[PDB]
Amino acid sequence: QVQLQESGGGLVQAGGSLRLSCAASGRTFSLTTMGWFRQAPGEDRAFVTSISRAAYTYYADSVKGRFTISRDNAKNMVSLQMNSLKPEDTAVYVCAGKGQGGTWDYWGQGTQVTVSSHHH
């Protein structure tokens, strides 16, 4: 019905930056808001950011001023620019979408982000 496909992710040192993107395909008129959740092992998904068809954005307090989400409505595509990455940002990041009932209904496959620290 709606498939979400993530790009990007991987390993970075603390203070570094990564860009994630997500493309939706299928019956995309049932896809409203798009966003990102993240999950650590043994934990539930936690909200990171969303962006509405009208480009209205919300961010979790922990990522404000470091992460930026953008969207291309025509391509059903969002991007997340993650700057000033912290160890605690290490998680599987999962592209998400709301359906017409305003519920989070669609998940990508998830992409590992690892923010490594070296104890010099």
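Counting begins at 1, following the sequence as shown.
For the segment pair 84-92 and 69-77, the entry gives 69-77 the higher mean B-factor, averaged over Cα atoms. With 93-101 and 16-24 compared on mean CA B-factor from the PDB entry, the stretch scoring higher is 16-24. The deposited CA B-factor of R38 belongs to the lowest third of values across its chain. Split the chain's modelled residues into thirds by C-alpha temperature factor. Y59 is in the middle one.
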